[PDB]
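What follows is a single chain, given as structure tokens, in the form deposited in one PDB entry.
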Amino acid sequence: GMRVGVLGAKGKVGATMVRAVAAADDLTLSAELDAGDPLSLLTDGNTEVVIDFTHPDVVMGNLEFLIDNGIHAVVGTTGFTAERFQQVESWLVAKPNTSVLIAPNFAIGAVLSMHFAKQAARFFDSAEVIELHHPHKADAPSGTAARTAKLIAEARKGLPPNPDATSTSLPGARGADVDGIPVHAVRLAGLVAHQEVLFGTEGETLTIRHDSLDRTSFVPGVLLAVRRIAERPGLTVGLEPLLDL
């Protein structure tokens, strides 16, 4: 048994997670915190692990508190960068038995997409990422598309950059540059969370597309991380380290 708190409990993903923890036989909901609730509600309820689906402007402060209080964390909130991960590692030095897992996508199709993008990258001259999300999303590009681009760029270390003869452009047409990989962010009513990774070489392309049509797609990955969180003290990035790929 495990006492699980949710940060962002009234949000689109957090409300899904509250229902999932409540339904799980081996997990007990110990706290449901919304904006304006004090983090001390987590220690009042004897919370052992927290699920965080909040906002990029608040998640680092949530983590600072969770780590100082020895509460393990499964974080889906995005906005992460290498400097933020370094900061989380710095806080965890003081708390060597506390575990944090931060992943920009808990859906298995997105995890597989990032795995396949790493494997495909060296076979193609060009790579770009298009991500498409609902228009309530705070951050562009998405966490998943920034990680995918970073993985592709690492895989292509020492190979030529993408070819591109653009000489006349409007500002922003060619996307954001993430480690040399263009990333484009579409924000469209009707969508949930979607990504296409595009690879090209002479005469052919390969596209790896993931679509989450419902936030229920995030639940299995979050619950797996919650259940296994204390196995790996310190910081884990991504869900892939918990899987057999």
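So that there is no doubt, residue numbering starts at 1 and follows the sequence shown. Between two forms, the rigid core is the largest collection of C-alphas that superpose within 1.5 Å.
From this point on, the text means the form deposited in another entry, which you will not see here.
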*Quick one: lay the two forms over each other on the core and tell me which of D26, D57, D179, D44 moves its CA by at least 2 angstroms between the shown form and the other one.*
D179
*Quick one: once the rigid core is lined up, does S113 have its C-alpha move by 2 Å or more between the shown form and the other one?*
yes
*Taking the rigid core as reference, does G76 move its C-alpha 2 Å or further between the shown form and the other one?*
no
*Indicate whether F124 shows a C-alpha shift of 2 Å or more between the shown form and the other one, with the rigid core used for the fit.*
yes
